[PDB]
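A quick note on method: Cβ atoms are made from the backbone with ideal geometry, for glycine too, and the neighbour counts reach across all protein chains shown. Numbers and lists here come from the model and the stated rules, or from a named source; no laboratory read-out is quoted.
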Amino acid sequence: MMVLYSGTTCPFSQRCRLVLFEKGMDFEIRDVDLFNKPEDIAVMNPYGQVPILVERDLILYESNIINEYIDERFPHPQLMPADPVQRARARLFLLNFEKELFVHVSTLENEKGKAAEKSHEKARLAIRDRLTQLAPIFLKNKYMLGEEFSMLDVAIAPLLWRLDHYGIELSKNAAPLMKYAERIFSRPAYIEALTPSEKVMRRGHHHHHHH
Amino acid sequence: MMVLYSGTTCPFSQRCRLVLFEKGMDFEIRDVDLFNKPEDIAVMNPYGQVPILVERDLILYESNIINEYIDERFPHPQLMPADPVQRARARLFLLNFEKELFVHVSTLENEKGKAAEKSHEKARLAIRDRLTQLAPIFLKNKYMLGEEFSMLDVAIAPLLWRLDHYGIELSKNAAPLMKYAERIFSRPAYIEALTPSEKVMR
């Protein structure tokens, strides 16, 4: 019985929720209010961040560490490729996502106040530029690795969900990336892993994916 | 035939050289120089950095990515725990070392000039503080994870080799850490992986 400490609107936590729902596991999600962070969070994770996975005497944090652990323990569906060559390639993509995309997500989530407005706009522009570079991939490819859903889709989906929430506008040539986003958002495990608060981030001009 | 593009004094490249000699399979080291960096380098790695590994049509960069792939291609000796819980813990420890130690190694290796002197000192202080926290475990641990040599030792060894080279002066509590460092340096694969240029640093 794994317990996941999950921020209600935390994109990193959403990665871990999505993995758990995709795998249909026995788990308990403990909702954490990041506006009022309990002290146990910093006891379990010296960096004081969610998500955190607790299973017996095991405590993991960092969403990609947690998800790699879960994928090895419960490989159905297999989210990291089983072939070693393709797995290394995928791990390198995940690493580049963290450096080129999710450091800016962290900026948008963590830096606060009028002093952060400049860094937020830099973060929005960097994300826009990099996402636009990814877009041509999704003309030929259903998901990041082709036909099969993978950890790459898991890792990036919470950012694609939040483009409107973050005030990030893409030019029209990024249309394939948004068709890909909707392919992820239509997945039944994605629909179920969304928190009620995350559902409210969906822009007012677009309907919700349903079963 | 694995090919490793290697910086002859690059600590991240030394990580990969160490892993390759630990595994003992066939491979070729290609030295890369700045001003002799082949134009092909940007196609392999758009960040323009070594180390880079090539095997058939596979191209990898980032030392931990390269080494993790070598560890899985050639299982023995295993550089990560076989137990999934222990391995997850070790992957988390490695990730934390990148943020707590090797971001500062990168500052020392890459930032250049008088503008960088301030950040170089900040990098030296941060490394000193973290290594001081770490040192007491080697009163009781042969290697980072205990009795078994692992990727954690691989990852940290080029930094430990370079403490004098980087001008990093450790606190009085570092003696167990330095005895641990000599335990890595006396490994036959570490001796093989040292370049003539690295040997001069100590």
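In this structure, does A:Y69 turn out to be among the aromatic types (F, W, Y) and closer than 23 Å to B:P75 by Cα?
Yes; evaluated as a whole, the condition is true for this residue.
Taking segment B:90-106 as the search range and keeping residues that are surrounded by fewer than 18 Cβ atoms within 10 Å (Cβ to Cβ) and not aliphatic (A, V, I, L, M), which one is farthest from B:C10 (Cα to Cα)?
Step by step, filter segment B:90-106, then rank; the result is B:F93.
Could you identify the single residue in A:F12, A:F35 that is hydrophobic (A, V, I, L, M, F, W, C), buried (at least 19 other Cβ atoms within 10 Å of the Cβ) and assigned by CATH to the domain that holds A:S197? Give the steps one after another, and end with the answer.
Numbers: A:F35 fails: buried (at least 19 other Cβ atoms within 10 Å of the Cβ).
Of the residues listed, the single one that is hydrophobic (A, V, I, L, M, F, W, C), buried (at least 19 other Cβ atoms within 10 Å of the Cβ) and assigned by CATH to the domain that holds A:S197 is A:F12.
Could you say which residue among B:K172, B:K142 is among the basic types (K, R) and closer than 27 Å to B:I70 by Cα?
After applying the criteria, what remains is B:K142.
Tell me which of these A:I168 doesn't satisfy, since it passes every other one: (1) touching a helix residue (DSSP H, G or I) at 6+ places or on another chain (Cβ under 6 Å); (2) over 19 Å from A:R17 (Cβ atoms); (3) in a helix (DSSP H, G or I).
Result: A:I168 fails condition (3) only.
Go through segment A:127-140 residue by residue and tally those that are touching a residue at least 12 places away in the same chain (Cβ under 8 Å) and either touching a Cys at 6+ places or on another chain (Cβ under 7 Å) or among the polar types (S, T, N, Q) (or both).
1
Within the set of pairs 6+ apart or on separate chains, which have a first residue in segment A:164-177 that is closer than 16 Å to A:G204 by Cβ, a second that is of a type in the set (S, T, N, Q), and C-beta atoms under 9 Å apart?
Hits for this filter: A:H165/A:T9.
From the residues in segment A:50-63 that are part of a loop (DSSP other than H, G, I, E, B) and under 17 Å from B:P84 (Cβ atoms), which one is nearest to the other protein chains (Cβ to nearest Cβ)?
Applying the filter and picking the extreme gives A:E62.
On the basis of being in contact (Cβ under 8 Å) with a residue 24 or more places away in the chain, surrounded by fewer than 16 Cβ atoms within 10 Å (Cβ to Cβ) and under 17 Å from the mean Cα position of the chain (by Cα), does A:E198 make the cut? Explain how you work it out, then say what you get.
Working: in contact (Cβ under 8 Å) with a residue 24 or more places away in the chain: yes; surrounded by fewer than 16 Cβ atoms within 10 Å (Cβ to Cβ): no; under 17 Å from the mean Cα position of the chain (by Cα): yes.
In short, no.
Only one of A:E117, A:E148 is out of contact with any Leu (no Cβ under 7 Å at 6 or more places or on another chain), part of a loop (DSSP other than H, G, I, E, B) and over 20 Å from B:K99 (Cβ atoms); which?
The match here is A:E148.
Scan (1) more than 19 Å from A:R89 (Cα to Cα); (2) touching a strand residue (DSSP E or B) at 6+ places or on another chain (Cβ under 6 Å) for the single condition A:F149 breaks and write down its number.
Going through the list (1) more than 19 Å from A:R89 (Cα to Cα); (2) touching a strand residue (DSSP E or B) at 6+ places or on another chain (Cβ under 6 Å), A:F149 breaks only (1).
Would you mind stating whether A:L58 is among the hydrophobic types (A, V, I, L, M, F, W, C), surrounded by fewer than 19 Cβ atoms within 10 Å (Cβ to Cβ) and farther than 25 Å from A:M201 by Cβ? First the steps, then the outcome.
Details: among the hydrophobic types (A, V, I, L, M, F, W, C): yes; surrounded by fewer than 19 Cβ atoms within 10 Å (Cβ to Cβ): yes; farther than 25 Å from A:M201 by Cβ: yes.
Against the criterion (among the hydrophobic types (A, V, I, L, M, F, W, C), surrounded by fewer than 19 Cβ atoms within 10 Å (Cβ to Cβ) and farther than 25 Å from A:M201 by Cβ), A:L58 qualifies.
Output the residue which, of all residues in segment A:103-126 that are free of Cβ contacts under 8 Å to residues at least 40 places away in the same chain and among the acidic types (D, E), is farthest from A:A175 (Cα to Cα).
A:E111
What number of residues within segment A:64-104 satisfy the criterion of being assigned to a helix (DSSP H, G or I), within 11 Å of another protein chain (Cβ to nearest Cβ) and not hydroxyl-bearing (S, T, Y)?
Number of matching residues: 25.
So B:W161 clears everything in (1) surrounded by 16 or more Cβ atoms within 10 Å (Cβ to Cβ); (2) more than 21 Å from B:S106 (Cα to Cα) except one condition, right? Which one?
Result: B:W161 fails condition (2) only.
If I go through segment B:32-72 residue by residue, how many of them are closer than 13 Å to A:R89 by Cβ and basic (K, R)?
Qualifying residue count for the region: 1.
Yes or no: A:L95 under 19 Å from the mean Cα position of the chain (by Cα) and within 26 Å of B:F74 (Cα to Cα)?
Yes; evaluated as a whole, the condition is true for this residue.
For segment A:1-49, which positions are part of a loop (DSSP other than H, G, I, E, B), among the hydrophobic types (A, V, I, L, M, F, W, C) and under 13 Å from A:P158 (Cβ atoms)?
Once the filter is applied, which keeps residues that are part of a loop (DSSP other than H, G, I, E, B), among the hydrophobic types (A, V, I, L, M, F, W, C) and under 13 Å from A:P158 (Cβ atoms), segment A:1-49 yields only A:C10.
What's the total number of residues in segment A:171-186 that are within 22 Å of A:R17 (Cα to Cα) and either part of a helix (DSSP H, G or I) or aromatic (F, W, Y) (or both)?
Just the residues of segment A:171-186 that are within 22 Å of A:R17 (Cα to Cα), to begin with: A:178, A:180-186.
Narrowing further to those that are either part of a helix (DSSP H, G or I) or aromatic (F, W, Y) (or both): A:178, A:180-185.
Matching residues across segment A:171-186 total 7.
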